[PDB]
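Here is the structure we will look at, set down as structure tokens.
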Amino acid sequence: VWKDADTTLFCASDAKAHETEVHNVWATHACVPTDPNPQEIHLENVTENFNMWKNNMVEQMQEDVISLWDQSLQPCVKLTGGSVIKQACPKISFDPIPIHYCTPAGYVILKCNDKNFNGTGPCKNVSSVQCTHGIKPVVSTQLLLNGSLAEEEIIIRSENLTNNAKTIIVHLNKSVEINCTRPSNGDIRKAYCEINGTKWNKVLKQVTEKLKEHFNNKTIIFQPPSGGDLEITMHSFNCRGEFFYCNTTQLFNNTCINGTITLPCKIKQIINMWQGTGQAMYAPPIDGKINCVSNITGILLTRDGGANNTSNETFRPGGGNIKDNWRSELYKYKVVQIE
Ligand SMILES: N[C@H]1Cc2ccccc2[C@@H]1NC(=O)C(=O)Nc1ccc(Cl)c(F)c1
Ligand SMILES: *[C@@H]1O[C@H](CO)[C@@H](O)[C@H](O)[C@H]1NC(C)=O
Ligand SMILES: *[C@@H]1O[C@H](CO)[C@@H](O)[C@H](O)[C@H]1NC(C)=O
Ligand SMILES: *[C@@H]1O[C@H](CO)[C@@H](O)[C@H](O)[C@H]1NC(C)=O
Ligand SMILES: *[C@@H]1O[C@H](CO)[C@@H](O)[C@H](O)[C@H]1NC(C)=O
Ligand SMILES: *[C@@H]1O[C@H](CO)[C@@H](O)[C@H](O)[C@H]1NC(C)=O
Ligand SMILES: *[C@@H]1O[C@H](CO)[C@@H](O)[C@H](O)[C@H]1NC(C)=O
Ligand SMILES: *[C@@H]1O[C@H](CO)[C@@H](O)[C@H](O)[C@H]1NC(C)=O
Ligand SMILES: *[C@@H]1O[C@H](CO)[C@@H](O)[C@H](O)[C@H]1NC(C)=O
Ligand SMILES: *[C@@H]1O[C@H](CO)[C@@H](O)[C@H](O)[C@H]1NC(C)=O
Ligand SMILES: *[C@@H]1O[C@H](CO)[C@@H](O)[C@H](O)[C@H]1NC(C)=O
Ligand SMILES: *[C@@H]1O[C@H](CO)[C@@H](O)[C@H](O)[C@H]1NC(C)=O
């Protein structure tokens with residue numbers, strides 16, 4: 001017998017104590033080693049309600065990632081709350097590692113195993129575990145990178161699809177690689193991303209067909225973001241410690257719904273901090289080839305308002321609330337207290 005509850009979680013990882021990489025350093029001192037032989041108990045004839053949009057596990061992961069970044073990525077100038085902080089900003093080794101979230105004694109994590117689970121409501125196939133799977137704390141906008149994939153069909157997630165103000169998470173069932181490079185020996189901040197146009201357009205077509213099932217077969221159209229901060233209008237992510245900002249106009253191309261798609265990118269030093277603490281200037285990029293190859297496993301979308309009297313629904317890449325990144329992985333878990 002159990003009940004929904006919140007508690008202080010701890011983390012586990014396979015971090016190396018001899019690594020200088022920042023995620024490894026953080027996890028070495030903030031996490032315990034993983035369980036080599038984890039146990040999972042599949043519950044019989046149980047019905048449990050989940051709500052990925054109201055899950056304290058997400059807030060806790062957010063706090064960890066903020067703590068990790070604050071200790072690891074030092075901007076040269078911090079501009080928070082009228083106070084100016086000038087400090088050293090050394091170049092670091094940066095590459096996210098999987099982090100597991102675990103319950104203390106008296107508590108357990110319930111895991112929804114329904115294959116078409118959208119993140120909210122009842123789940124028929126539930127199991128109990130002591131820890132989540134390994135989740136990489138990848139901070140990005142527009143595109144979700146290096147995450148887990150949906151096992152069967154593409155999944156559409158939203159707290160309220162009818163409310164256009166609520167972010168939509170698209171969960172892909174097949175990854176598409178994105179190849180981003182700041183080339184070696186000149187604009188040191190000029191970069192680009194390469195994506196297989198055949199693979200991407202095929203996946204995007206499948207996404208449109210899924211959205212149709214949720215929007216009464218209305219016509220599905222993609223458009224570039226209307227405006228706002230660069231972190232929202234562009235695909236932003238961190239590669240090897242460097243902040244990349246990529247133009248995704250070519251990705252969301254209704255005409256294509258075949259060759260290599262090349263997105264123009266820029267490395268930015270002056271960014272709006274995702275932690276919500278104003279603006280910051282980070283150090284200029286390292287020398288040589290800067291390269292990151294990632295799997296696109298999800299998409300964050302915002303739906304246009306004012307389309308009720310038309311047969312079209314318009315979707316634009318967006319997000320920015322990094323908590324949604326954690327929701328895309330934590331959706332199937334909830335903490336309960338054993339009475
Ligand atoms: N004011 C913040 C907090 C918040 C809350 C809800 C909605 C939007 C936002 C804004 N988001 C951002 O500013 C932000 O995500 N920046 C950023 C920076 C670097 C990288 Cl790599 C990256 F992915 C992202
Ligand atoms: C529930 O579990 C059974 C047995 O594995 C499986 O056949 C069925 O597809 C599951 N139901 C859902 C909704 O995934
Ligand atoms: C990239 O995608 C492939 C195919 O799903 C997967 O095998 C691989 O683990 C992914 N790489 C990651 C997680 O960075
Ligand atoms: C992905 O999901 C779609 C339905 O959303 C399905 O038609 C397609 O077969 C799936 N792709 C793979 C590789 O399983
Ligand atoms: C998820 O499923 C529940 C019913 O199980 C439904 O109420 C809700 O609208 C669904 N959410 C989405 C985004 O389809
Ligand atoms: C979903 O959003 C619509 C549009 O704002 C709103 O009318 C409705 O009350 C919302 N539904 C729920 C479950 O709150
Ligand atoms: C990434 O793109 C570069 C060319 O820009 C290529 O040399 C490299 O092989 C690509 N990486 C992968 C994994 O395809
Ligand atoms: C692009 O993707 C297709 C499958 O959609 C694949 O057959 C082809 O080899 C890819 N092109 C390149 C340049 O790798
Ligand atoms: C979408 O169209 C198909 C016709 O192939 C129909 O079976 C289905 O009911 C429609 N879905 C909605 C929700 O409009
Ligand atoms: C992306 O590129 C297109 C085509 O050059 C351009 O019109 C658009 O303004 C760019 N978007 C941003 C956010 O810079
Ligand atoms: C979308 O695809 C068409 C194919 O002809 C192309 O002409 C157009 O430039 C594309 N839009 C972009 C690259 O933003
Ligand atoms: C995604 O995972 C691959 C393989 O570990 C890594 O090389 C790449 O840098 C990752 N991408 C991001 C944005 O962290």
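In what follows, every heavy atom counts, from backbone to side chain, and hydrogens, waters and symmetry copies are set aside. Just so you know, ligand 1 is whichever comes first in the structure, and atom 1 is the first atom listed for that ligand. In this chain, residues are counted from 1 in sequence order.
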Does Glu59 pair with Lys323 as a salt bridge, N-O distance under 4.0 Å?
yes
Applying a 4.0 Å heavy-atom criterion (strictly less than), which segment of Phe237 is in contact with ligand 1: side chain, backbone, both, or neither?
backbone
For atom 7 (C) of ligand 1, what's the nearest protein heavy-atom neighbour? Residue, atom name and distance, please.
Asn321 N, 3.8 Å
Protein heavy-atom contact under 4.0 Å for atom 9 (O) of ligand 5?
no
What protein heavy atom sits nearest atom 3 (C) of ligand 1, and how far away is it?
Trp274 O, 4.0 Å
Looking only at protein heavy atoms, which one is nearest to atom 10 (C) of ligand 1, and how far off is it?
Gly320 O, 4.5 Å
Shortest protein heavy-atom distance from atom 14 (O) of ligand 8, along with the residue and atom involved:
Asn196 ND2, 3.8 Å
List the residues meeting disulfide (SG to SG under 2.5 Å) with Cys292, not counting sequence neighbours, and say none if there are none.
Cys239
Does any N or O atom in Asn272 lie less than 3.5 angstrom from one in ligand 1, N or O only?
yes
State the atoms of ligand 1, each with its element, that fall below the 4.0 Å cut-off from a heavy-atom position in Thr141.
23 (F), 24 (C)
Please state whether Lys199 comes within less than 4.0 angstrom of ligand 8, counting heavy atoms only.
yes
Should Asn201 and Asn253 be marked as a side chain to side chain donor-acceptor pair (under 3.5 Å) after you check the CA-CA gap, both sets of side-chain angles, and the distance that decides it?
CA-CA 8 Å; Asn201 288 321; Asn253 197 341; over 6 Å; no
For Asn160, does the CG atom sit with more than 12 other heavy atoms under 6.0 Å from it, leaving out its own atoms?
yes
May I ask you to identify the nearest protein heavy atom to atom 12 (C) of ligand 5, giving residue, atom name and distance to one decimal place in Å?
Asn118 ND2, 3.2 Å
Could you check whether any heavy atom of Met273 sits closer than 4.0 Å to an atom of ligand 1, since that is the contact criterion I want to use?
yes
Please step through salt bridge (charged side-chain N to carboxylate O under 4.0 Å, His left out) for the pair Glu242 and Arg189, ending with a clear verdict.
CA-CA 10 Å; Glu242 316 288 351; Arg189 293 175 188 82; over 6 Å; no
Protein heavy-atom partner closest to atom 13 (C) of ligand 5 - residue, atom, separation in Å
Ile156 O, 3.5 Å
Please check this pair: side chain of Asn173 against backbone of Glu152, looking for a donor-acceptor N/O pair closer than 3.5 Å.
yes
Check ion pair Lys218-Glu313 (N to O, under 4.0 angstrom):
yes
Would you be so kind as to tabulate the donor-acceptor pairs closer than 3.5 Å made by side chains of residues 73-90, with sequence neighbours excluded?
residue: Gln74; atom: NE2; partner: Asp70; partner atom: O; Å: 3.2
residue: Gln74; atom: NE2; partner: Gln71; partner atom: O; Å: 3.3
residue: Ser83; atom: OG; partner: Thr80; partner atom: O; Å: 2.5

Is any side-chain N of the basic residue among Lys210 and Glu153 closer than 4.0 Å to the acidic one's carboxylate O?
yes
Heavy-atom proximity to atom 23 (F) of ligand 1 ranks first, among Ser236, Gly276, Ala280, for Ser236
Please report which non-hydrogen protein atom sits nearest to atom 5 (O) of ligand 5, along with the residue it belongs to and the distance in Å to one decimal place.
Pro122 CD, 4.0 Å
Atom 2 (O) of ligand 8 touched by protein heavy atom at under 4.0 Å
yes
Element-labelled atoms of ligand 5 that are located less than 4.0 Å from some non-hydrogen atom of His214:
14 (O)
Donor-acceptor check, side chain of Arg316 to backbone of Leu301, threshold 3.5 angstrom: yes or no?
no
